[PDB]
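Student: Sharing a structure here in structure tokens format.
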Amino acid sequence: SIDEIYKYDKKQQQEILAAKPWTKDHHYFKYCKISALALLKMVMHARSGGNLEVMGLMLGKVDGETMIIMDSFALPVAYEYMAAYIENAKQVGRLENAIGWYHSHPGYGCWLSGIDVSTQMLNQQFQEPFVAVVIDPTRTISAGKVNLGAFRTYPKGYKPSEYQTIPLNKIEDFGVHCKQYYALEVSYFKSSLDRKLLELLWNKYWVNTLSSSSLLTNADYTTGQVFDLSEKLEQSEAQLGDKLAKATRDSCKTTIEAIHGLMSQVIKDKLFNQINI
Amino acid sequence: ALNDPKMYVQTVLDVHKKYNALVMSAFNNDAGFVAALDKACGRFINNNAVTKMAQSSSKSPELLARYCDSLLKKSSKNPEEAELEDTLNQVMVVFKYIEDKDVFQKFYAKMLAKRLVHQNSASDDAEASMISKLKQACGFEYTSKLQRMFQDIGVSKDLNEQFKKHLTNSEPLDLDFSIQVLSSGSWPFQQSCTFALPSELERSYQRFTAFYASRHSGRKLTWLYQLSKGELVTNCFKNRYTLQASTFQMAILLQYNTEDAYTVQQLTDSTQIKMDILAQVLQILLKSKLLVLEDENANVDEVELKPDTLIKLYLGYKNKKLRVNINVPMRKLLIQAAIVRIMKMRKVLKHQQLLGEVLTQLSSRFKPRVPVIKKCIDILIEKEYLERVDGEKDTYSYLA
Ligand SMILES: [Zn+2]
């Protein structure tokens, strides 16, 4: 039956909030579990603004080293409207409180800006569990895959690459504000049961899958991945003379995606072209 | 001080100078003596007590402008340009201590306009020196209005002497014509009262416009008859009288060319002058006793100036004064929030680049105008908000 993500346990949440285990170690949070509804609403709001920028809050809880997100609600926008709409979190009947904020970067990669990192610093300083989601609408529309942006920042006065596609303009902002935040591994959870049963509506499409036009839809994504892998491997070599394991994993995922696209193309060719010859 | 602020200003000048000399002799930069200086000059001088219950507070910091006006205005024997310059030099030092310098440039510009247009300015060469000193205080933008006012005075002076040369090639004018062309958008003056030009002054008028058509193309002329004067002589009286009067009084007097008496209504209809202005002109003319009515016993005060009384020119005019001169004078808070909001994202921004991003992005409501935004950004950067760059170009930065 698995599940067990739901059934918000108030006592455990209060205990983990009062313990404050992330104050001692800065790299406490490493895994971000976004829900299906969270992603659906986030991407819908991100694309419902086109090239304009949208932002809202996302509700969830904390379990050990993972931060689970169950819901997300948009915002009207800096004026009194946003503050008035914030009361929705405590006005409705829901036990998930609030865990962070999401905001879109329409065509500017997935990194965190200077104002973004400053707001995240403030939010972490006075609201201990907080994460920032920096999803990109244009990239997921063009490439057909969703890129995630869980980018929790570091504390002030403390000292301790993936979507590097910004050609000219905002790459300067990327370089200066790069060590001020660390990415979180995004691992999606499906509630199973009802949603797993109802996911048959994806099977209803059956045409975008049969004609996917892969390997050209996200050609720029693969070229960027290879470009990142090149200096990842160069850094692994410099250290060697485990970054090599990470470079090997990245190469394996990129190659697996390429071979999956080729397999889809071969299946389509066998299904359609090799009939009535 | 309110009644005669002339000697009040002179008191401040004398006290300040002597304070420096006494300290360096024996005190050797005493802490107590220096501290007491900054507390006395600020509160007691900048804003005095009687500005509250007299419903006059804006005029108090504006008495410095009229003092400098008196030095550059045509008057009796004035101090030479050897001791006056050094007193004006220390005036520049104390001027930067005041925070509302904007009102200083307004009142001095209005007072300079009345001094220049009426030829009442003295030492016009020294006037250029005074304005040049004000340029170094803030910049050419601060004195943008003032410099144009002085420039067109010189242009009109050369224009008049060129017009005289043009007169020799044509029929000579029966009267000496001089005109200050002034400029539009840089002067406080504006045409407000309609006027019917007398038939005697029309021809010269036309002549000048011809001279302004060949010399300049695509330029109009908004004549200000309320600011124009002239000299009119009488050739039928017992004695020659060369009176000096404005254009309105000139037209009123010239209306008696064909007849001897006129009623107020005909004067209003023929010259198309507004009721209030014409009433004031008629009253000041009656003060000089140039025009009289039938009933001497009638009092002008308790009897209203109805537009039916028949005033006739006084043919036996023998007024005891030969020097008659009737030419004597008769909270928004949105733009600051917008500025800080737009400076939030961009740490460093130019002044004019910031302008427009706030000036006209929200222009659909409450058109803010440049000076309001300039003043608001000044009072913002004053209170530890923008802290502009130390001099590298004109970037305003943020917390840098
Ligand atoms: Zn952002």
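Residues 24-100, 113-195, 201-281, 298-333, in that order, are what chain A shows, numbered as in Swiss-Prot.
Placed from the backbone N, Cα and C atoms, the Cβ positions cover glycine too.
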Student: Please identify the range among A:138-151, A:152-165, A:299-312 that Swiss-Prot labels motif 'JAMM motif'.
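Tutor: The range carrying the motif 'JAMM motif' annotation in Swiss-Prot is A:138-151.
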Student: Kindly assign A:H138 (Zn(2+) binding site) to one of the three DSSP-derived states: helix, strand or coil.
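Tutor: Looking at the DSSP assignment, A:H138 (Zn(2+) binding site) belongs to a strand.
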Student: Counting Cβ atoms within 10 Å across all protein chains shown, which of the binding-site residues A:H138, A:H140, A:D151 comes out on top?
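Tutor: Counting every other Cβ within 10 Å of each candidate, the maximum falls on A:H140.
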Student: Other residues with Cβ within 8 Å of the Cβ centroid of A:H138, A:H140, A:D151 at the Zn(2+) site?
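Tutor: Result: A:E76, A:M78, A:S139, A:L147, A:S148, A:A167, A:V169, A:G184.
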